[PDB]
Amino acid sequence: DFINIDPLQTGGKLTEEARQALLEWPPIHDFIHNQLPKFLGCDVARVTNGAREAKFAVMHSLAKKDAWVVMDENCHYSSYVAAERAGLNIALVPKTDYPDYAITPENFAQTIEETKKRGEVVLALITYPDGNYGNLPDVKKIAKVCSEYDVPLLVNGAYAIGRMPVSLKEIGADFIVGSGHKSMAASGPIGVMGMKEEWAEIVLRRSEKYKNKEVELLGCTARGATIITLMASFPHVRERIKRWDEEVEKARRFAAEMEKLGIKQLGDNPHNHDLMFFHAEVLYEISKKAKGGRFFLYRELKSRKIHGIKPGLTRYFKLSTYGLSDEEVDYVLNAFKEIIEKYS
């Protein structure tokens, strides 16, 4: 019974219904042709083999010899690699400096403008929120920026869909991506892609031969424990997003608590996400004398029914407060206090 705090898993905590559902192993059509689009607040929605898989879909789908794409400096690495695999020139829109590391809609506007000078920017993309500091840029404004520049906007909602309530039509962006195995409590490699219909005959184009298969996805009907789980949990996730406010509240408390404890949280302040990135000079000093040194932390927690931090990290690290019940939160806060006093 390990209290998990790893970001990559608090949101992908597999549902009971989906757990059982995997044992015995459908409205698939109903799902992706009704439920799903409604949930992402958008016209067309499809299920892909993961977010990065969808992110590439549209990139490959709109790329152009010597074209460009603008993505925030906090872009997940798959957003960047999948740009490369599309052969796109990539321009990063710079982040604020410590402790903000924020993606301002203004820098975006410039980046987008500076780039265009260099060529055609076939696409724009913001990681909302970035998996780094848990920062939630101002898409509503950014999406405005992109629209008054005629450069499609893809939102990497990998860390928002399945957690916080979101709607493509709300935001005003053109595309939207989600990851079922980290935010939607699903399993295996699976993802969700949403778009304005206008971009269907573009991305969702069919083969010449097999008029029924969609080329950009390889005519995949992706049946497998993947969707199975995703669907099974979906009802849960539907209701889940309602408590977002308590989740941000909680993560906020745990945050300032750490504050008093001598370790700081950078980025959004107040923060707006269970995923927070901390600076703990103290734990770094200790690590210089501490038992295992660089690993004294992992050691200390792995011995307190706690795990979720890349073992070896003491100075900087990130963590989620998502599933964590107030008591589990407190327990974790206390856990820190202890390890602090322990070493001098």
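Start at 1 with the first residue shown and count on from there.
Undergrad: Per the entry, how many residues of the deposited chain go unmodelled between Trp25 and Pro26: none, 1 to 3, 4 to 9, or 10 or more?
TA: Gap between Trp25 and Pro26: 10 or more residues without coordinates.
Undergrad: Per the entry, where is the mean C-alpha temperature factor higher: 30 to 38 or 294 to 302?
TA: Here the higher of the two C-alpha B-factor means belongs to 294 to 302.
Undergrad: Output the stretch having the higher mean C-alpha B factor in the entry; the candidates are 152 to 160 and 132 to 140.
TA: So the stretch with the higher mean C-alpha B-factor is 132 to 140.
Undergrad: What's the residue among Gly224, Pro94, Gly191, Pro105 with the greatest CA temperature factor in the PDB record?
TA: In the PDB entry, the greatest C-alpha B-factor among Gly224, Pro94, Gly191, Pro105 is found at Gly224.
Undergrad: When the CA B-factors of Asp100, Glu120, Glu198, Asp174 are compared as recorded in the entry, which is the largest?
TA: Among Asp100, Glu120, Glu198, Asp174, the PDB entry lists the largest C-alpha B-factor for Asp100.
Undergrad: State the tercile, meaning the lowest, middle or highest third, of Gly219 with respect to the CA B-factors recorded for its chain.
TA: It falls in the middle third of the chain.
Undergrad: Quick check on the deposited entry: does the C-alpha B-factor of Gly87 sit in the lowest, middle or highest third of its chain?
TA: It falls in the bottom third of the chain.
Undergrad: Quick one: classify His279 as lowest, middle or highest third of the chain based on its Cα B-factor.
TA: Middle third of the chain for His279's C-alpha B-factor.
Undergrad: Based on the deposited C-alpha B factors for this chain, I'd like to know if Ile309 is in the lowest, middle or highest third.
TA: Highest third of the chain for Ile309's C-alpha B-factor.
Undergrad: Considering every modelled residue of the chain and its Cα B-factor in the PDB entry, is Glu285 in the lowest, middle or highest third?
TA: For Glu285, the deposited C-alpha B-factor lands in the highest third.
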